[PDB]
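Q: need a 3D model of the sequence below.
(chains A, B, C and D, ligands or ions: 55)
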Amino acid sequence: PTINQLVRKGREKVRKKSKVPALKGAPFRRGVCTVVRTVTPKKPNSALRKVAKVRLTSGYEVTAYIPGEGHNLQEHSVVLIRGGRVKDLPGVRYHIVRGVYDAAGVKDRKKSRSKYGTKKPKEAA
Amino acid sequence: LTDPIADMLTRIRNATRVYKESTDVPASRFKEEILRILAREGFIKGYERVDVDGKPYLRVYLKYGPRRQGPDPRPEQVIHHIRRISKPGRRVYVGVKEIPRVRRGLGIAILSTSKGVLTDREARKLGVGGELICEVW
RNA sequence: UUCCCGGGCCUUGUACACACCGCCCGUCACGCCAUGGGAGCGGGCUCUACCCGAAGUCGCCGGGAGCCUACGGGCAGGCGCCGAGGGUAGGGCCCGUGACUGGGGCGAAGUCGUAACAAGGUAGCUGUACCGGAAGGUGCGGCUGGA
RNA sequence: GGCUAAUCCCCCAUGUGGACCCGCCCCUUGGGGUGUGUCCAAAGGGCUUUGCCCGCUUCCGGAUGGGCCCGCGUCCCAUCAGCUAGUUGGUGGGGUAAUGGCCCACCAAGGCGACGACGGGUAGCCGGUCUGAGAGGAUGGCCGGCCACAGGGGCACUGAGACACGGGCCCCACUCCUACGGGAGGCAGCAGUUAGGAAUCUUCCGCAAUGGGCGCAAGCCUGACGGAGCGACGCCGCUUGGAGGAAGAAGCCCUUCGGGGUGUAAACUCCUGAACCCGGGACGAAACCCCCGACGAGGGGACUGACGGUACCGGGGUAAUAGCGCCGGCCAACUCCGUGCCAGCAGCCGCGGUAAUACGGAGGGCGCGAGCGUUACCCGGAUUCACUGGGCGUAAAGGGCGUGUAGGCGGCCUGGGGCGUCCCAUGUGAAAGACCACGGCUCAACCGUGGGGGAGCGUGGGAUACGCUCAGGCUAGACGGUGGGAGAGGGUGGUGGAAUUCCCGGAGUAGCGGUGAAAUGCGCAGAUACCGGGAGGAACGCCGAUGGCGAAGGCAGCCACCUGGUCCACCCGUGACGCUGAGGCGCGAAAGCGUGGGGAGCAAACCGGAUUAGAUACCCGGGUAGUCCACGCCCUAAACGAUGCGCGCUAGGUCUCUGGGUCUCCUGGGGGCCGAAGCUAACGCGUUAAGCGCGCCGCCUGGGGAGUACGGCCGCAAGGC
Ligand SMILES: [Mg+2]
Ligand SMILES: [Mg+2]
Ligand SMILES: [Mg+2]
Ligand SMILES: [Mg+2]
Ligand SMILES: [Mg+2]
Ligand SMILES: [Mg+2]
Ligand SMILES: [Mg+2]
Ligand SMILES: [Mg+2]
Ligand SMILES: [Mg+2]
Ligand SMILES: [Mg+2]
Ligand SMILES: [Mg+2]
Ligand SMILES: [Mg+2]
Ligand SMILES: [Mg+2]
Ligand SMILES: [Mg+2]
Ligand SMILES: [Mg+2]
Ligand SMILES: [Mg+2]
Ligand SMILES: [Mg+2]
Ligand SMILES: [Mg+2]
Ligand SMILES: [Mg+2]
Ligand SMILES: [Mg+2]
Ligand SMILES: [Mg+2]
Ligand SMILES: [Mg+2]
Ligand SMILES: [Mg+2]
Ligand SMILES: [Mg+2]
Ligand SMILES: [Mg+2]
Ligand SMILES: [Mg+2]
Ligand SMILES: [Mg+2]
Ligand SMILES: [Mg+2]
Ligand SMILES: [Mg+2]
Ligand SMILES: [Mg+2]
Ligand SMILES: [Mg+2]
Ligand SMILES: [Mg+2]
Ligand SMILES: [Mg+2]
Ligand SMILES: [Mg+2]
Ligand SMILES: [Mg+2]
Ligand SMILES: [Mg+2]
Ligand SMILES: [Mg+2]
Ligand SMILES: [Mg+2]
Ligand SMILES: [Mg+2]
Ligand SMILES: [Mg+2]
Ligand SMILES: [Mg+2]
Ligand SMILES: [Mg+2]
Ligand SMILES: [Mg+2]
Ligand SMILES: [Mg+2]
Ligand SMILES: [Mg+2]
Ligand SMILES: [Mg+2]
Ligand SMILES: [Mg+2]
Ligand SMILES: [Mg+2]
Ligand SMILES: [Mg+2]
Ligand SMILES: [Mg+2]
Ligand SMILES: [Mg+2]
Ligand SMILES: [Mg+2]
Ligand SMILES: [Mg+2]
Ligand SMILES: [Mg+2]
Ligand SMILES: [Mg+2]
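A: Numbers count the residues shown, from 1 in each chain, chains lettered A, B, ... in the order given. Ligands and ions are numbered 1, 2, ... in the order given. Sure, structure below:
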């Protein structure tokens, strides 16, 4: 443009969109589940990913992913919502924290167990 | 014409890109001071007042480098680059603390002060500054 | 050497490159997601007009009715305007929701057809109008993103 | 109802002085002085007393704090374009410490707004903080300054100051006490409870220091403050040992089983010595107090700690917590086993469907370390909002074209102002934060001291090169004058022929049209083909093209009228009159719409007949709107050179259109090709730039959803922006 067009109009700032509508910037949202089921991903993959549709305290009712191998989640489980999407699962934009409320950690996991929420074992060590 | 100084410097640029002996810019007092600075620093071979069809022009005699060897035998420019800063649509005015370094002192920023039309070092030594017309290197 | 099959060289075109046994378009069928319209339903914000209108400043009265420490004055009290707010009536804006309905996107490999990409077998595209399950077809005019 | 005292109230007196009206003088918007008239003061208390101290009243001046006003700056939505009833200005009053339309009467009709009014949404603001090379972007938590609130809302009183957290009155909502009729309350103070939420603490100690209030002082009050307690919440510092130690124990992992790794790692030997035990034990604290001295200056003496027996010092003295992320590329770290598009991993690319360095474990390695990862938000990378620092022929993007308002920009010479601009001085720019230097806590974090400037704004002085203004002059820009030129430029009226169809007349036969081939269809009711005449409508062959005109759409027989644009020569006149252009306005192919007219040929829709598996198509025969005209709409496009306009510069060769000339040739405008330098990612552009520069406008910020929805405007509608 010209200099006069920058005086009359100026530049337009970015004004991005938050990918996580978790009510005004909360890193974690407590929620009670409604429906716990398994879904199917997009074509490039094929599995049975474990999910849960969670009615949480912001009035929203979203679906979240259940990480790890095995879970103890049911129709009336109180979970915590973490954030971050799953790419192969449309509609899933959230994760369930394990080791909190009613979502226990992955049993017998030892390498990466802070994430997935498992205590330190002690095999006489 | 809108800015006659940008016309003069662009005509000098197009003369340098085709290796012409001399060209004709229209005559002005401020243009004559700019050509005085370009002759004092050694970017041109000087100017003279001429009259083309009874109308005053200026013979800017160009300066170039030695005729190089190897492929593309065009000599290196004296005026590698020339560009007006204080545009008639966007005026630039600087103080004495705001005069730029120009290619680590190798170039020049011709700028207009209250004490006449000066260079970057002459505006720092006298300590005046003003409208920063163009840069030449 | 026109024809059908395979082949070699040059050139042209391509939206093909698992390389035409390529690619690709649209309707219809099922599921899910977000969304428009929608007889209306519920809520929030705000504007205008009027009625009622507490406390309280201010302005009169302070008299057939009171009290006073200095009275042709004061206090109490009474009347009036404004008055928070409540009510009534009509507007404006926004949000959720609504039988049904339009189209959008993603899915499992579904049904029907061949639109476009090579002169894609009617050159293609576009504006407009009409018509047809559907891509689309045709009429007028325009472009080379073809000869 | 009745006494009663004051630093409580009232009255009288004097008046330094002050207030008020009038007049005058200086100044000059309510400042100061002066003369008459009037009004306005007071309070006592304590000693070591007829001497001080604390107080009182009036006024002037100083200091501090505050009220009010003004210049400039301060988020998003233009899908919010018109707003304004005390609204804008004046006059006279009320009120205030005080201007003010702050409020009330009367008069006038003004005031604001594209330089973004009004409206809608959001937000306390700043010094600062985070990021960033900078420019910028984001933010306002702790600390400091200003504002505004004290459950919502309204209101006044006391008072120098409040429209007042812990003061008052009223209404609504809530809690509690009620003998039911009427009363108390306001944690957004310090702790603490409940609800919400991912999440935020102690119902601690002390007035010892600083500070605040009262008091002559002693002294009293202070959840301000000084501290302690809790939470790895952040930062900084320290510890879980150090030195030796086998050609290298065991376990475990890999193995081309010979071996390699964990690995000086361990066990083991010496040594220092966290935590613990004992003893001592503060800095922060010196005044206010008292004495001498005139309770002045100056000298001397005495009391007072919460933190806290804490930091710290001395001696003794124990081998004493390690965990977390990762190991396919970005990106540092590789093997084995289990699994086999399952389980699963994931920030992108993407891995896993039998030999996976990507899934799970183990060994080992890498990165940090009392931390490590994850999530949420901000900046960066992002030069993907480009001032620095981007683009628009084909990727995103030149408005369909012109006229033109505001605005932006603007030729040459010489003077005046000195507004922008520059220089100097001065004031401000608080403190704290940041930078540098030196120190206090044993370092650091933290803190203190000193220095140094930023930016902006007020004031004074100086300069005129450039931008601005005023004035004088100049002609290269622009326009005009004279004399000519070419052209399908536009509108109106008229007119010529070729050809098609139809009607009439002659003559004439068994077929004509049509296709790839056929068929529908037309034809002995006398067709096609032939001639003659008549009617009607539309488009103008040859000239005629790589041509011309126009701003674009577009414009083609000829003649006449009306009319615009444009080019050349003469260099005659005005003399900077110029360029662009947000809106507005006008033009705007074709299709379509309304009213009327016309309709020969063509030809959407429609009907047949073929092809085809099917044909709503391609092919053929018919055929209605439309195509034609007048007027009024519609405003779209591959409206394309997918290239906005104006100006200046930068090799040429060649074809052609149109003027002039001193006609081998030169010069001006215009239409094409090839190509210097140069540009582009390439194709390509190349003085008819997509090159080099300036001025201005329009437009773009991944694809789809989508030129869709809602809103607004226009249209009869289709629909358009
Ligand atoms: Mg051969
Ligand atoms: Mg094929
Ligand atoms: Mg729907
Ligand atoms: Mg709806
Ligand atoms: Mg509705
Ligand atoms: Mg109802
Ligand atoms: Mg098929
Ligand atoms: Mg096809
Ligand atoms: Mg075709
Ligand atoms: Mg086709
Ligand atoms: Mg058709
Ligand atoms: Mg056509
Ligand atoms: Mg006196
Ligand atoms: Mg008196
Ligand atoms: Mg707020
Ligand atoms: Mg940057
Ligand atoms: Mg409260
Ligand atoms: Mg108070
Ligand atoms: Mg309180
Ligand atoms: Mg809770
Ligand atoms: Mg104290
Ligand atoms: Mg004190
Ligand atoms: Mg050791
Ligand atoms: Mg060894
Ligand atoms: Mg071993
Ligand atoms: Mg002490
Ligand atoms: Mg590596
Ligand atoms: Mg990985
Ligand atoms: Mg692994
Ligand atoms: Mg540390
Ligand atoms: Mg940036
Ligand atoms: Mg970013
Ligand atoms: Mg720029
Ligand atoms: Mg770009
Ligand atoms: Mg494009
Ligand atoms: Mg154009
Ligand atoms: Mg114009
Ligand atoms: Mg100028
Ligand atoms: Mg000035
Ligand atoms: Mg400062
Ligand atoms: Mg002049
Ligand atoms: Mg002349
Ligand atoms: Mg039109
Ligand atoms: Mg038409
Ligand atoms: Mg019509
Ligand atoms: Mg009629
Ligand atoms: Mg026909
Ligand atoms: Mg077929
Ligand atoms: Mg059949
Ligand atoms: Mg036909
Ligand atoms: Mg074209
Ligand atoms: Mg030419
Ligand atoms: Mg070319
Ligand atoms: Mg998009
Ligand atoms: Mg459209």
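
Q: count the neighbours of residue B:86 for me.
A: Close neighbours of residue B:86, defined as other Cβ atoms under 10 Å in any protein chain shown, add up to 18. C-beta: built from backbone N, CA, C; applies to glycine.

Q: residue B:90 too?
A: For residue B:90, the neighbour count with other Cβ under 10 Å is 12.

Q: next up, phi/psi of it, please.
A: With angles defined as degrees, to the nearest 10, residue B:90 sits at phi -150, psi 90.

Q: quick check, the biggest strand by length in chain A touching RNA strand D?
A: Scanning chain A for the longest strand, with DSSP state E as the assignment, gives strand A:29-39. Yes: for strand A:29-39, a contact with RNA strand D is found by Cβ under 7 Å from any atom of the strand, at A:29, A:30, A:38.

Q: what residues does that strand touch?
A: A:22-23, A:48-58, A:61, A:66, A:73-81, A:89, A:92, A:101 (Cβ atoms under 8 Å, 6 or more residues apart in numbering or on different chains).

Q: in its sheet, what does that strand sit against?
A: Strand pairing for strand A:29-39, determined by DSSP bridges: strand A:49-56 (antiparallel), strand A:78-81 (antiparallel).

Q: just to revisit the earlier point, for the residues of strand A:29-39 next to RNA strand D, which one is nearest residue B:55?
A: Nearest to residue B:55, judged by Cβ to Cβ, of the residues of strand A:29-39 next to RNA strand D is residue A:29 at 80.5 Å.

Q: ok but residue A:114 is inside a strand, no?
A: No: Residue A:114 is assigned coil when assessed by DSSP: H, G, I helix; E, B strand; the rest coil, not a strand.

Q: okay, now the domains of chain B?
A: B:2-79, B:80-137 (CATH domains of a matching chain).

Q: what about the first one, near RNA strand D?
A: Yes: Domain B:2-79 is in contact with RNA strand D by Cβ under 7 Å from any atom of the strand, via B:2-4, B:6-7, B:9-11, B:13-15, B:17-18, B:20, B:23, B:26-30, B:33, B:55-56.
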